[PDB]
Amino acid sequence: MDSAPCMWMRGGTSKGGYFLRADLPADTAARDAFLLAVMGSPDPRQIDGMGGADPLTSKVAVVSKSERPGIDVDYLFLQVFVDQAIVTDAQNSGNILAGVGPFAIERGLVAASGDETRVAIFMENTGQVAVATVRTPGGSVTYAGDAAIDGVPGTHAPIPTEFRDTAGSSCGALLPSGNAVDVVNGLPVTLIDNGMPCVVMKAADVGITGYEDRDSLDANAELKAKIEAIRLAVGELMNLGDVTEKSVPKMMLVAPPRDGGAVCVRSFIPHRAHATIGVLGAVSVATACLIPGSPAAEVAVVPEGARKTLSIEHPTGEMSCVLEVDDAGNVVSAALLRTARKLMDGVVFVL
């Protein structure tokens, strides 16, 4: 009651606590109080709980067996604020998602089935579907292997992840304005939602090249003020209402690729620069690369073929996105690599 079984995992480049739904209070307010206490929030240092004093390590997954047709488990993502008594069920960023498949198997929501085991995951926050393929050699999840992702030392078991029903996850449409491009504060942008609502505009159009490192971007007050005025201006158009204290849309500043990739991106999510790029924001940006004349179309190098592999270059490397594009040109699925690791398993306590 003042404890719950819990597995602490790294999912992608994030970390947090993974629960079975039936182990947390049914009452939302009771649930949030418990998770705040588990993390040690509110406290800039989160010294009296399991948060790592950074929003990326103050995250929670709630997983349960699904009754939806074709779905194996339902997954609710929760952000536990570091220094506010606030838990939000914001848009999925796609990193904590990576631990969901392995966690479900370990907890018996899904039994191991051969040496690899498919987990079909409904993302309750947005209504999207992720199919994760996880290594279960011998009938037990493994986290060891040869996969790498930027921002994570060494190598782990690959978890290839295929996203469906991304389109208009949050905005109700791929293009909530109905336009490929909209002029906003005199600038051409794309308002797009293929898994994450994004505003996609050229880095050069807001006075940077798009190749600056994260620290310089975080210190560029005039850049931040400029794109933030754009974000606040488009919230209604994107069916997002007043975005002032919202986490969306992500601001995606695109420049031509430099390392032979598809596109270069600097992401503000919305107010600080992402060290890499969010998974679902990569899908939105890779999709915008395909819409003609659009800011991202103008900078991107897009390969021919129905199965398009788009290497999205970011501050510290690149994240590769495989778009499967039907003969009508819409994106039918996006596949991206994740990794995760079980770090501690047992019981968490609150006062």
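We number the residues from 1 along the sequence you see.
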| item | value |
| --- | --- |
| 132 to 140 versus 97 to 105 - which carries the larger mean C-alpha B factor in the record | 132 to 140 |
| 321 to 329 set against 23 to 31, stretch whose average Cα temperature factor tops the other in the entry | 321 to 329 |
| Of the residues 118, 226, 250, 156, the one carrying the largest Cα B-factor as recorded | 226 |
| Candidate residues 193, 124, 162, 242, the one whose C-alpha B factor the record puts highest | 242 |
| Third of the chain, ranked by Cα B-factor, where residue 92 sits | middle |
| Third of the chain's Cα B-factor distribution that residue 182 belongs to, per the entry | highest |
| Chain-wide C-alpha B factor ranking for residue 313, given as lowest, middle or highest third | middle |
| CA B-factor ranking of residue 60, expressed as a third of its chain | lowest |
| Ranked C-alpha temperature factor of residue 215 among modelled chain residues, by third | highest |
